[PDB]
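Just below is one structure, and these are the notes that go with it.
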Amino acid sequence: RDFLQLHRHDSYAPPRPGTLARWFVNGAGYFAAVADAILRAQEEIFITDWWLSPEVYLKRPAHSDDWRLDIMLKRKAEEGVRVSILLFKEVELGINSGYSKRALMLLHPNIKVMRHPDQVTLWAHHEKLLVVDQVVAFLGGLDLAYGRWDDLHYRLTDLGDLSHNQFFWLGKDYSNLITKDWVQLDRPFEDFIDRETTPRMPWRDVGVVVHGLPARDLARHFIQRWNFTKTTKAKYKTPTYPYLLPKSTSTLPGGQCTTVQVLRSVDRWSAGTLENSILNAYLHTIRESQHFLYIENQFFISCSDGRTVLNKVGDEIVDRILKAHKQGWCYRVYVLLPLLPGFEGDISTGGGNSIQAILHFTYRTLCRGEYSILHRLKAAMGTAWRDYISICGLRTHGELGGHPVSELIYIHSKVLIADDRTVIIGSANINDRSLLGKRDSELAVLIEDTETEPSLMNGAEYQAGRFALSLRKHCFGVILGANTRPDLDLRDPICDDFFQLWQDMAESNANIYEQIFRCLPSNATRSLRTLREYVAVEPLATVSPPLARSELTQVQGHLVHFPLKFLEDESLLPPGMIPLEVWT
Ligand SMILES: C[C@@H](CN1CCC2(CC1)C(=O)NCN2c1cccc(F)c1)NC(=O)c1ccc(Br)cc1
C-alpha cells in the first residue's frame, strides 16, 4: 500500500500481511542476528541509535576482532557497502556521541554518520534501528551499546590479544548502571568499576527482526530522517552526505508469518511531520483486548491530569479492568517494571533526584492519588483489584566475595502482548516523552498473528497466535523459573490457578530477598527516616553466608512483587526550576 495518505492508527505505514518476523528476548540473540545480517549485507546498512558503542562485541566470548561491531562495519564498507548512521547528539550525559561519530567515520569513507539535534532541546532521538539492504530491519529496545548483551543466565559476575579470553563483558561493557555511570568511553577496554567487588546489573530487553515490506517502511523512516537531518546544518548539506532514496519494488533468520505494521513517534523537530501512531496502537490494543495484557516496560508514567501527564494508556487499562469487573470477565493485566530507574543513585540514601522524580510519577500512576490505577479500581471493586492487575519486578542472586549478592534485573524491554495474538515491540516507553510524538522520536511494530496454535484461555480451548504465544511463554518461563520446575503449566495465562501461582511466587520471592539481602526498594521503608535506620543494619547475606545460601534455595525464578509502599510517606519531588516534564 501507499504513503500518500495516513493509514490505520494514523500511521505513515500500512499493515503488511505475510511478513516474516522473529522476536528476541535479551541482547544475546539480537546482537548475534544483527552480526549475521551485517555479514550478508550487499548494498546498504542503516543505523539509528540513542547510544552506539563502536567497540561492542556482537558475539561472546570474544576471541578476536571478529564480531566486534566497528570491525564488522569496516569490513563491509571495504566491500563497497554504504553505512549510514543517525546518532543522538546529547547535551554534553556522558555517552560521548562525538567519540562514537569520530571512531566510525575514521574506519572507512563508506561509513557516514550524522548527529542530531544541534540545537538545545530536552528531547532525544530514541529509536533503535538497523536495516540491511532495505529488506531486513531490526528494531526494539536494544542499542548497539555497552551493557545491553545478556542471556537467560543473567550473570551477576564476570570473573573468568583475546584468543584465551573468558570474559563475556570486556572493559566498559561490565557495568552496574545504578552504582556508577559510564566514564572514559574512548578507553573501551578499561574497567570503570571493580570487577572483583561490584556485581553486574543484568539487562533485560526485547527486540524483533522483520523482513520484506515492513523493513522497507522502517528504511523509509530512516531515509526521511536522514534527508531531513541533512538540512539541519551546513556541514551536512555538502555532497559528502548523499541523499538516500527508498527501494520500491520486489520485497534471513527464522521468523514467523504475521501481519506487521510499523509505527513511530516523530515531530517537526525530529522529522518532517507529526505522528503518534505508537500511542494510538497502544490504546486500541488495550480497548480491544479480550483476555489479558502483558506489559514489560522500562517506565510506567501515565494517567492524564490535563497538565503534567497527558497520555491515556493508564486510563484505558483502568477502563478495561472496570469493564471486565462489570461484565464478570476473567481478565488479567501483567505489568513488569524495573525495580529502580536507570540512573546513578545511592538508594541507601534515598536515591538521587532523578530516581525520585521517576518514582513520583510512577507511584502517581500506580497507587497514589485520585488518578492512580489502584485508587480508581479500589473505589469501584475493593480488594478484587488484585484479581485483575499484578505489578512485579525482577531480581536475581549470585555469589561474590564468598557470600551471596543480589541485584535487580533491569527491565529495559518495551513490549506489550495481548490475548496471545498481538504484540507491540519498539523503543517507546510508556510515558509522555516516548508516546506524545511532540517529544522523543520512537519506533515500534504492531505484530498481529495470522497463524495459530492450540492453547488454553481460562480453561477453554483457545487458538493462540504463534508469534505472540511463543514470546509470552518464553517470557513467563524465564521469569518464573520453568527450567527448574518443569511441572509448570504455562498454556493458560489467565486462569485462577496460574494467576495465583504468579502472585504467590512474587510474594514468596520478595519475602526471601528481603530476608536475605534487605534490598531496596522494599515495603519495609515507608519514609527516609525509617530508611536511614533500616540500612544501618548488616544483612544476613554477609552476616552468615551459609545460612543466607540455604534460605535462597527457596527462590523460584526472578519474579518479585513491585513494592507499592516504598517511601510512600515522602513527597519525592525535587525542589526545582527544571520543568517536571523532563521526566514524564
Ligand atoms: C536506562 C538508561 C537511562 N535512560 C536512557 C533512555 C531514556 C531515559 C534514561 C529514555 O527512556 N528515553 C530518553 N532517555 C534519555 C536519557 C538520557 C538523556 C536523554 F536526553 C534521554 N541508562 C543507560 O543506558 C545509560 C547509558 C549511558 C549513560 Br552516560 C547513562 C545511562
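Read left to right, the sequence shown gives residues 315 to 406, 409 to 476, 498 to 588, 596 to 919, 925 to 933 (full-length UniProt numbering).
Each residue gets a CB set at the ideal place from its N, CA and C atoms; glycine is no exception.
query, result
"Nearest residue (CA-CA) to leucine 455, options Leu864, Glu805, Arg816, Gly770", "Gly770"
"Start and end residues, alpha helix (DSSP H) containing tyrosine 573", "571-574"
"Neighbourhood of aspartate 459 by C-beta distance below 6 Å, restricted to the same chain and skipping five residues each side", "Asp363, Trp364, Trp365, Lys444"
"DSSP state of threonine 794 mapped onto helix, strand, coil", "coil"
"Limits of the unbroken alpha helix (DSSP H) element including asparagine 641", "No alpha helix (DSSP H) contains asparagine 641, which is instead part of the beta strand (DSSP E) from 636-641."
"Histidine 905 CB to nearest heavy atom of ligand 1 below 6 Å", "no"
"Neighbourhood of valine 610 by C-beta, 6 Å cutoff - its chain only, sequence neighbours within 5 removed", "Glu619, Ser785"
"Whole-angstrom distance between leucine 472 and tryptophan 540, CA atom to CA atom", "10 Å"
"Check: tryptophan 519 C-beta below 6 Å from any heavy atom of ligand 1", "yes"
"Any non-hydrogen atom of ligand 1 closer than 6 Å to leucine 681 Cβ", "no"
"Cβ contact check for the region 853-873 and the region 686-696: 3 or more pairs under 8 Å", "yes"
"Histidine 442 beta carbon near ligand 3 (any heavy atom closer than 6 Å)", "Ligand 3 is not among the ligands present in this structure, which contains only ligand 1."
"Cut-off 7 Å between Cβ atoms - residues of its own chain near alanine 556, not counting five sequence neighbours on either side", "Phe360, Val447, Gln450, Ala453, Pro583"
"DSSP three-state assignment for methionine 538, whether helix, strand or coil", "coil"
"Sub-7 Å separation of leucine 903 and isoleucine 823 beta-carbons", "yes"
"For residue 982, the nearest candidate out of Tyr678, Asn697, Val677, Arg676 (CA to CA)", "Nothing in the structure corresponds to residue 982, since the chain is present only between 315 and 933."
"Any 3 or more C-beta pairs closer than 8 Å across the region 804-812 and the region 875-884", "no"
"Rounded Cβ spacing between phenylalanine 910 and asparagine 855 (contact assumed at less than 8 Å)", "15 Å between Cβ atoms; not a contact."
"Secondary structure of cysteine 863, DSSP reduced to three states", "coil"
"Cβ-heavy atom distance, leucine 409 to ligand 1, below 6 Å", "yes"
"CB contact flag (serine 750, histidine 741, <7 Å)", "yes"
"Beta-carbon proximity of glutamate 392 to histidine 442, cut-off 7 Å", "no"
"Sub-7 Å separation of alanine 461 and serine 367 beta-carbons", "yes"
"Residues near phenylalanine 843 in its chain [Cβ-Cβ closer than 7 Å; skip 5 each side]", "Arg676"
"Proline 425 - partner residues in DSSP beta bridges", "According to DSSP, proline 425 bridges with nothing at all."
"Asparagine 773 Cβ short of 6 Å to ligand 1 heavy atom set", "yes"
"Closest by C-alpha distance to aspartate 841, when choosing among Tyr573, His747, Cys674", "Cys674"
"Sub-7 Å separation of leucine 383 and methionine 430 beta-carbons", "no"
"Segment contact, 8 Å Cβ cut-off, at least three pairs: the region 699-715 with the region 638-658", "yes"
"Short Cβ contact (7 Å threshold) for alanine 615 with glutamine 671", "no"
"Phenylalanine 636 versus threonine 652 - alpha carbon distance", "29 Å"
"7 Å Cβ cutoff met for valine 662 and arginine 720", "yes"
"Residues near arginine 396 in its chain [Cβ-Cβ closer than 6 Å; skip 5 each side]", "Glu358, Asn426"
"Check: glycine 686 C-beta below 6 Å from any heavy atom of ligand 1", "yes"
"Inter-residue CB distance, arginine 330 and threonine 603 (contact presumed, cutoff 8 Å)", "7 Å"
"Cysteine 601 - partner residues in DSSP beta bridges", "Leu334"
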